[PDB]
Each structure stands twice: as structure tokens, then as C-alpha cells.
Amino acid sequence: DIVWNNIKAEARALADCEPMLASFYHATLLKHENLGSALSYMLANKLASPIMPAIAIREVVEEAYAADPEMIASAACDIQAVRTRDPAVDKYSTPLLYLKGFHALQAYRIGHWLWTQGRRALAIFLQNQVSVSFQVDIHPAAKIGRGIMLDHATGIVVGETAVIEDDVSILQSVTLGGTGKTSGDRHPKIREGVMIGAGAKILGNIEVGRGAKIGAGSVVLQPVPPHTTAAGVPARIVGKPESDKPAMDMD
């Protein structure tokens, strides 16, 4: 509710800032009563393709938001996460309009909901369109929570059996990928509060304890305990982070 009024606020100012984009700001933000509508609009535009047009995607997204409204809530926490944690982002509207990490994340939620409902064929279709379109490959069966930030995002991979809990922050090229040719648990369970830096690779079914910090470039083959800074290739513990939840700080 409060986040949505700032978006609308910022939008009125931007509409005056840049005439070329007035109608854009009006179409994406100002014409909607609430965030859920701005989200279906944005997802429809960003996922649209000849095979499924915006208008048809929007029907699907609205279905999912009608059926599990906490998605909209999740996304509002995802907006707040970016605004504080990204010093490049000074506005509640920037993620919603412009940031592929945020878009991919919300597109994941739709495919997740679809997969919950056993609508696998669609979930997979979208998963892969999102890869091509936003350069983020998240399997719909992954369990991701609220207040997440995929900053820059180009190159993120997250596989079938992964979990990401609330208040996590991830960067470009991070892979929460698997090992083996065999189905079953083989993807990381990343716990509440973790930061992962650019170009980490975290493979197999391994915990990353509640509050840990995976350094940039790190390749993490073994479990990593809470409140620990892992790093190196492959990853040994070089540290303990400077805050309880290093996701909020981005050291």
C-alpha cells in the first residue's frame, strides 16, 4: 500500500520529467488502482511473444494473483529489497519498470504457481522465455521467497531443487546449480540473509547457513555454515561477515 503510493508519486514526477515517456509511465503505473495490476501489465508486456501475446499472458498472471495473492505481497518486498540494497536505485518504481532481475523474479513466481497447479508445459515454456529474454534461468519447481534481489542478473541460473529463503541477495552470473544425471535433491538450499557475489557457482544439495556470505567468483562444493564468509575456488572459509544478515549490506 505505501510502496504503491510512492510508485504512483514518482510516476507523476517522471511523467513531467520526460515527455517521450509520459504515456509509458501512464500505461505502466499511473493507470492502475494497485500494484497487482501494474505487475500483470508489466509481466504481460515483458513475457509477450507471438505464441502468447501480452493480452493472453495477462489473463494467466491475473489468474495466479487471484489464486495466490501473496505473490503480489512477495513482489512488494522484492521492490523494497532492491531500493535499500541497491545504491544505484533511488526509487520504488525503477525495479518495476526497468530491472530484469526483478522481472525475472516475478515471472518465476508465475511459473512456480503454474507448476504447483501441475501446469508444467506452460511453466517450462515461460522459464525458457525468461532465460532468453532476461538472461535468467530459474526452474519453476525452485522454492524462492520474499525480499530477494537479483542485481544486474545477466547469467543467473537456479535449478530444479533449489531453495532461496526470505531476505537473500544475488548478483550477475550466480549459479545455484546441480550435480549428477539423476533426479532428486541436488541444488543449494540458500538460507535467510545470505549474500552471493558476482560469478559464484554453488553446486549440489548443500546448505548455506542462515546469514552466510558467499564471495564473488567462489565455487562452493561443500556446505557452508551460518554466519560464515566462504570464498576461493574451491571454497574454504576465510571469514565471518560484518553484519548479522549480509544481504542487507552488500559488503
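Each residue number is its position in the shown sequence, starting from 1.
Two stretches are in play, 140-148 and 127-135, and the higher mean C-alpha B-factor belongs to 140-148. Of the two stretches examined, 21-29 and 8-16, the record assigns the greater average C-alpha temperature factor to 8-16. Across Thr94, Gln106, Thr154, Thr84, the entry's maximum B-factor at the CA atom is seen for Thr84.
Sort the modelled residues of the chain by CA B factor and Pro50 lands in the lowest third. Split the chain's modelled residues into thirds by C-alpha temperature factor. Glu192 is in the highest one. Among the modelled residues of its chain, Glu59 has a C-alpha B-factor that falls in the lowest third, as given in the PDB entry.
Annotation for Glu160: C-alpha temperature factor in the lowest third relative to the rest of the modelled chain, per the entry. In the deposited entry, the Cα temperature factor of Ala38 places it in the lowest third of its chain's modelled residues.
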